[PDB]
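K.L.:
Here it is, the structure, as C-alpha cells.
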Amino acid sequence: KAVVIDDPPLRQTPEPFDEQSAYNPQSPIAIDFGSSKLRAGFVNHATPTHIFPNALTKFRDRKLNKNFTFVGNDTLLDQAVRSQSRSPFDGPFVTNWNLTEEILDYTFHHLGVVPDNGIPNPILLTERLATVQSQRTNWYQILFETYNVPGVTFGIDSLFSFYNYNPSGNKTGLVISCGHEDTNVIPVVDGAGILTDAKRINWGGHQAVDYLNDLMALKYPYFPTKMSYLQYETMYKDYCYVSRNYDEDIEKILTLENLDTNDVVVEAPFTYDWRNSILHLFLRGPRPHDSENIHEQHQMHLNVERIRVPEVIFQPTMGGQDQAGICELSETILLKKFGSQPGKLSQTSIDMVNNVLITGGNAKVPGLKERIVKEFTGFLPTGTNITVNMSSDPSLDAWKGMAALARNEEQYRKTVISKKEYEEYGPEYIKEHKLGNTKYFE
Amino acid sequence: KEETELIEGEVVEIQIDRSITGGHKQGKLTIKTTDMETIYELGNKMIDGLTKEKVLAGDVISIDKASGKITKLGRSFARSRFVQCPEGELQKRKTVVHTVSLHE
Amino acid sequence: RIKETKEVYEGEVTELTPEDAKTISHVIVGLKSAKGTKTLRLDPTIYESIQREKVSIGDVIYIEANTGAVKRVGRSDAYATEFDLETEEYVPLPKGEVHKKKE
Amino acid sequence: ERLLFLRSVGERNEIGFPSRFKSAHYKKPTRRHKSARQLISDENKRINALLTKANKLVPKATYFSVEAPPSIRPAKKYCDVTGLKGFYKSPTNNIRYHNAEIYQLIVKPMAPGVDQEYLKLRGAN
C-alpha cells in the first residue's frame, strides 16, 4: 500500500503556566536558546518544564483591531498561525532582538515568576562556539540592563552535555554535536574544552531538510501539489537512516530484490520492458506505472535519498561545502594533534577515544553510532578500546548539564558574571572557564 | 571463465596541456559511442600511453584500464581499414572463456 | 617433512618514511586494513624490494615476514577518483587483520 | 466557537507596555536590520583592523581557524540525476550521469537553465 502524510496535528490544549506559590527568588533559571526548540525550567527538577518551538506570531483580530501574540505551543492552534510563525534565528545567529525579548517575557510569565525591578534569579544560558561578540554584547544589553539579572553564565551546549554525562569535571573525551544549524567536534582534555582544536561543519537538520526539498522538487518537476516544510521534516524523521557502508549500498539499491523491501511510497494530501529500465525503477519503483491514475500522480517514491540525505555530514562536498567530514576531523584530532604521532597513540588520545560522546538533536538518525564505531576502528591502531555513548534523548542533555552545573556549587561560581564585573570591565570581557568560550587573542 | 571491464569507443577530440617547465602534463579526452558521449580527465600515464601509439581524432580504440594496453581498432566512417562506431555503453564488463591445455 | 610458519602482513600503505644512517639504516612502514592499522620497522633489503614494485602511498601490498617477499596488489579504492582515467587497477581494502599467522 | 477560542489565549498571554518583567529604566535603542551575512563580514573587518593595528602579541584564535579545513582525500563522484556512481560526465553542460538510458532520457533533451540548478546541489555553478 501507499501511506499518506499530512501536516502534524495541532495542539488541542495550550501550554499551562507554573504555580506562583512555589516560586523562590534564589533558584536560578536555566534557558537553552536553541534554534529549533527552546527548553527552560527551574534547576531543582531534573527534566525541563517548558519545551516549545522558538517562534512568534503577531496575530491581528479584525473585530478587536489588536495585535495578539502567540508564542511557542500557542502557535500550534491554527494552521494559519502555524504557517505564519517566524523564528528569531536567521542561520546560526540572532538578527532581530524584539522577538527574543518578547519570547523571554513569555517564558518569564509562564514559569510562575513574580519579579520586581527586573528578574531576581541568576540566568544560565548557551552561546555558540566562537561567536561574534556583537551577539554577546546585545545579550548583555538585554540581560544586565532590561532584566536586572544578578548573574549570567555563558557556555556551549555540547560541553554542557559532556558535563552532564561526566559530573566530575575532570574527565577526558571527545564530543560530537549534531545541532540544527551546525556540526561541531570539540575535544575535551582534563575536563576543559580545547577550543583551539575544535572544528565546525556548516550542516545540520535544517540543511538536510532543505536538501530533501531540493531533491524532491528536482525528481518530479511536474508535481501539482505544493507541500510545506513540516512534511519534508516528517519524512526526513521517518524514513531516513545512515547506511553502514555507502560504497557498497549504492551498487545494489537499484536491484529489483532491494526495492521489494527497501522502498517506501508516500502520498500527497488532496481532496522494452520496465524491468531493465534504471530510470523507471528510480522514479516509480518496482511496480508498473499507471500515468492516467489521479492517485498515482500524487505519489512520492523514496529509494535512494533515504541513505543519501543523512550521509552529507560524512561527505560535506555533496552538500556544496568544501569541508571534511566527521571521520576526517576525528582522525586528524586523534592521530595528528595532542602529542600523538600517527601510528603511536598518546595517553590523551586513548583517553579521548575511550569517552566519545554523541549529542545534539540530529543524533536520532539510526545507524549513526555503528557507522562512527566502524570508521573509528578503521583509522585507529588494532586493539584500541573504543567506547561510543549516546543518550536516549540527546536533544535534552544540555539542560541537564545546566542543572548538573548549577547543583554543583563549587565550580558554579567560577562561571558567574555579576553586574559589578560587567560595569567595571565593560561589555568586552570573557570569563575563561572550562565550559565556556575563550579569548580571541593570546 | 573470467570477466574483464573494457572501454571501447570513438575518439572525438584530445587536448594535451604542458606547463611552463613541462614537469606536469594535463589532458582531456572526449570519447563517444552511438548512445553516449563523455569527457575524461587524463592522468600522466594515460597521457604517455596515448602519446605513444599516436591516436588522432575519429579513431576507434579499445582501452584496458587495469593493464594499460590500448589498441587501435581502425578508423570510423568519416570521409569529411574502416570500422563502424561502437554501440551501447562505453564501459562494458565482458566475459571471455579461456581454454588452456595441461601441457601449457 | 618440514614444519614451517607462514606470517603475512597486508593492507594499504599509509606511511613510508626512510631515513639515512648515502645508506639507509631502516624504513618504517604503516599498513592499514578494515580492522585497524599497524606500523612496522623494516630492514633496508625489504625497502629495496619495496622499491622494486614501485610502491607509493596508498598501494595495497603483501609482505611475508620470514621470506621477505614483497608483492604489490594494487592501488586502493579510496584513491580511485583522483583521475577520471588512469592505467592503475583499484582493489578494495582487506576485510581481515593486517597480521595473519598460519602453520 | 472556533474563531472565538484564540481570543482566550490572547487575553491570557497579554503583556502591557508597562511590562511587569523588565526594569524601570528602559532606554530602548533603535535597531538596524543587521542581516546574517553582514555579521561575518563586519567580524572579519574588525579582526583585520586589529591585525593591521597590532602588526604596525600575535593572535592565533579567529573565526577562520574554527571552520573545518577542506579534505585531503579525493572526493567521490556521483550521478547528478539518480545519485548513483557517476562514470561519465557530459561534455556540453558538465553533468555527471550513470548510464546511457539516463543520458538519452534526461541529459540530452534537457531545457537550459536546469543544468545550473542541477549543479547547485553540489555547488558547481
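Chain labels run A, B, ... following the order of the C-alpha cells; each chain numbers its residues from 1, and ligands are numbered from 1 in the order shown.
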With a distance cut-off of 7 Å and only C-alpha atoms, select the neighbouring residues of range 40-55 of chain B, excluding the residue or stretch itself and same-chain residues fewer than 4 positions from it, and output the selection as a list in words.
P.N.:
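These residues fall inside the cut-off: residues 25, 26, 27, 28, 29, 30 and 59 of chain B; 83, 84, 85, 86 and 87 of chain C.
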K.L.:
For chain C, list the residues within 10 Å of chain A, counting only C-alpha atoms, and write the list as an MDAnalysis selection string.
P.N.:
chainID C and resid 14:15 29:40 77 97:99
K.L.:
Can you write out the residues you just picked, keeping N, CA, C and O atoms, as a compact mmCIF listing (two decimals), in the first residue's frame?
P.N.:
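And here's out.txt as it stands now:
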# COMPACT_ATOMS: atom_id res chain seq x y z
N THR C 14 50.11 3.56 4.48
CA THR C 14 49.81 4.92 4.93
C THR C 14 51.05 5.76 5.15
O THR C 14 51.02 6.97 4.90
N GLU C 15 52.14 5.18 5.64
CA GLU C 15 53.37 5.90 5.89
C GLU C 15 54.55 5.10 5.35
O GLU C 15 54.68 3.91 5.63
N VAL C 29 57.19 1.36 7.93
CA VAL C 29 56.03 1.24 7.06
C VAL C 29 54.79 1.10 7.93
O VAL C 29 54.78 0.32 8.88
N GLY C 30 53.76 1.87 7.60
CA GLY C 30 52.48 1.79 8.28
C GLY C 30 51.42 1.22 7.35
O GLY C 30 51.18 1.76 6.27
N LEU C 31 50.81 0.12 7.78
CA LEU C 31 49.82 -0.60 6.99
C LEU C 31 48.45 -0.43 7.61
O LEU C 31 48.32 -0.34 8.84
N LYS C 32 47.42 -0.37 6.77
CA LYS C 32 46.05 -0.15 7.21
C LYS C 32 45.13 -1.16 6.56
O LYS C 32 45.21 -1.40 5.36
N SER C 33 44.26 -1.76 7.37
CA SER C 33 43.21 -2.64 6.88
C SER C 33 41.87 -2.20 7.48
O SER C 33 41.78 -1.17 8.16
N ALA C 34 40.83 -2.98 7.22
CA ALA C 34 39.49 -2.65 7.70
C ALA C 34 39.30 -2.93 9.18
O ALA C 34 38.26 -2.55 9.73
N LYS C 35 40.24 -3.60 9.83
CA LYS C 35 40.14 -3.91 11.25
C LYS C 35 41.12 -3.10 12.10
O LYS C 35 41.24 -3.36 13.30
N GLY C 36 41.81 -2.14 11.51
CA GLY C 36 42.73 -1.30 12.23
C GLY C 36 43.99 -1.08 11.42
O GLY C 36 44.08 -1.47 10.26
N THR C 37 44.97 -0.43 12.04
CA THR C 37 46.25 -0.18 11.41
C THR C 37 47.38 -0.70 12.30
O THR C 37 47.18 -1.01 13.48
N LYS C 38 48.56 -0.81 11.71
CA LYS C 38 49.72 -1.40 12.37
C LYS C 38 50.98 -0.94 11.66
O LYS C 38 51.06 -1.03 10.43
N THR C 39 51.95 -0.45 12.42
CA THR C 39 53.20 0.05 11.86
C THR C 39 54.34 -0.93 12.13
O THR C 39 54.33 -1.64 13.14
N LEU C 40 55.29 -1.00 11.20
CA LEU C 40 56.39 -1.95 11.27
C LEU C 40 57.71 -1.27 10.93
O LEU C 40 57.78 -0.46 10.01
N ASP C 77 40.86 1.59 -3.24
CA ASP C 77 39.66 2.22 -3.79
C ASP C 77 39.43 3.63 -3.28
O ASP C 77 38.65 4.38 -3.88
N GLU C 97 42.42 -8.80 9.50
CA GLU C 97 43.50 -8.11 10.18
C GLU C 97 44.70 -7.95 9.26
O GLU C 97 44.81 -8.58 8.21
N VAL C 98 45.61 -7.06 9.66
CA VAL C 98 46.88 -6.93 8.96
C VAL C 98 47.75 -8.15 9.22
O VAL C 98 48.35 -8.72 8.30
N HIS C 99 47.81 -8.59 10.48
CA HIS C 99 48.65 -9.72 10.86
C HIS C 99 47.90 -11.03 10.69
O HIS C 99 46.76 -11.17 11.14
K.L.:
Name the residues in contact with residue 82 in chain B at a cut-off of 12 Å, using only C-alpha atoms, excluding same-chain residues fewer than 2 positions from it; report them as an NGL selection string.
P.N.:
:B and (58-60 or 72-79 or 84-85)
K.L.:
Extract, using only C-alpha atoms, all DNA, RNA and protein residues at most 12 Å from residue 103 in chain D, discarding same-chain residues fewer than 2 positions from it, and format them as number ranges by chain.
P.N.:
A: 278-279; B: 34-38, 88-89; D: 79-82, 86-91, 93, 95-101, 105-110
K.L.:
If the cut-off is 9 Å, can you tell me the residues of chain C near chain D, counting only C-alpha atoms? I'd like them as a list in words.
P.N.:
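Residues of chain C within 9 Å of chain D, counting only C-alpha atoms: residues 78, 79, 80, 81, 82 and 84 of chain C.
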K.L.:
Could you list the residues in chain D lying within 6 Å of chain A, using only C-alpha atoms, and format the result as a ChimeraX atom specification?
P.N.:
/D:10,21-23,34,59,61,66-71,122-123
K.L.:
As a list in words, please: every residue in range 50-112 of chain D that a backbone DSSP assignment puts in strand (DSSP E).
P.N.:
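Written out, the strand (DSSP E) residues of range 50-112 of chain D are residues 88, 89, 96 and 97 of chain D.
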K.L.:
Could you take the residues named above and write them with N, CA and C atoms, as a PDB file, in the first residue's frame?
P.N.:
ATOM      1  N   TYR D  88      30.415   8.792 -16.121  1.00  0.00           N
ATOM      2  CA  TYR D  88      30.608   9.661 -17.269  1.00  0.00           C
ATOM      3  C   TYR D  88      30.127  11.065 -16.948  1.00  0.00           C
ATOM      4  N   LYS D  89      30.743  12.046 -17.601  1.00  0.00           N
ATOM      5  CA  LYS D  89      30.358  13.446 -17.484  1.00  0.00           C
ATOM      6  C   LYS D  89      30.120  14.002 -18.878  1.00  0.00           C
ATOM      7  N   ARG D  96      27.255  14.958 -14.540  1.00  0.00           N
ATOM      8  CA  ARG D  96      27.596  13.553 -14.415  1.00  0.00           C
ATOM      9  C   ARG D  96      26.343  12.692 -14.487  1.00  0.00           C
ATOM     10  N   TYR D  97      26.480  11.527 -15.116  1.00  0.00           N
ATOM     11  CA  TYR D  97      25.349  10.631 -15.288  1.00  0.00           C
ATOM     12  C   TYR D  97      25.826   9.193 -15.160  1.00  0.00           C
TER      13      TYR D  97
END
